[PDB]
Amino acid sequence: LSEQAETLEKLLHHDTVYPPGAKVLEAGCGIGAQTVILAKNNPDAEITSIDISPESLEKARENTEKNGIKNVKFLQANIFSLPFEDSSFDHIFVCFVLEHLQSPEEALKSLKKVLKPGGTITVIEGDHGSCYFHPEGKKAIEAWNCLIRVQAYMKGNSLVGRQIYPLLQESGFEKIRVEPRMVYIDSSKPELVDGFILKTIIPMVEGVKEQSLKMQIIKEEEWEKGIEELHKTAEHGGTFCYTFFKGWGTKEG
């Protein structure tokens, strides 16, 4: 999972560099894939990483420890009711968090509380609705859509990326800017073909096979055909596209 994070490093996180001595809050560190990258790009920042899962935090700590990181503090917490004092952070970093929520706006308003006036929030989310490829295998398309359907069933929204601007806008932030960060692949980019299609996309779809089979939204046969068709996009003649959205907002004072 961490290797997949580095595959998109230059594209998504390279420009996320805060000034020296900045107190930053990572809204959802999970297993620490983003924690390691954020910390390495910001050795002079004081990072506080939170997650609702105790298990995950333990793994995140293991990850930062193995990577020699010394500027990160871990804490279990509910994003909707932070234990932190108001206006106690210089910046907030949100990456792949809103996709798992039902009330994203509320989470952003909650985070805004612990951010100081003049501080910024950075949001990075994917948008599964931006995924298209060639050849356009219909089974491959059906398999992919299972990921969207399962996430929705689990009360999340894999299509959140496209609405980060209005989410930030309704959250009360100012000087908002959102821009897409696209992953475009063809056979002349073997590193992305293997790193993104074969080691990120396909494994991610496979991750919901049994759940999809149980929800009975697809058959074991077409599912297998769908995986085979996805593989074709990583071969001669194939192309693949996926877009992420990155937004910035500033707390008004």
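The first residue of the shown sequence is 1; numbering continues from there.
Averaged over CA atoms, B-factors in the entry run higher in 209 to 217 than in the other of 209 to 217 and 65 to 73. In this entry, 105 to 113 shows the higher mean Cα temperature factor of the pair 88 to 96 and 105 to 113. The entry assigns its greatest Cα B factor, within the set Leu167, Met154, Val183, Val123, to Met154.
The maximum CA B-factor among the listed residues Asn78, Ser130, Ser158, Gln163, taken from the PDB record, is found at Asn78.
Ranked against the other modelled residues of its chain, the C-alpha B-factor of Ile37 as given in the entry falls in the lowest third. In the PDB entry, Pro54 places in the highest third of its chain by CA B-factor. Among all modelled residues in its chain, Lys23 ranks in the middle third by Cα B-factor. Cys146 sits in the highest third of its chain by CA B factor, as recorded in the PDB entry. Looking at the C-alpha B-factors along this chain, the one for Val17 belongs to the highest third.
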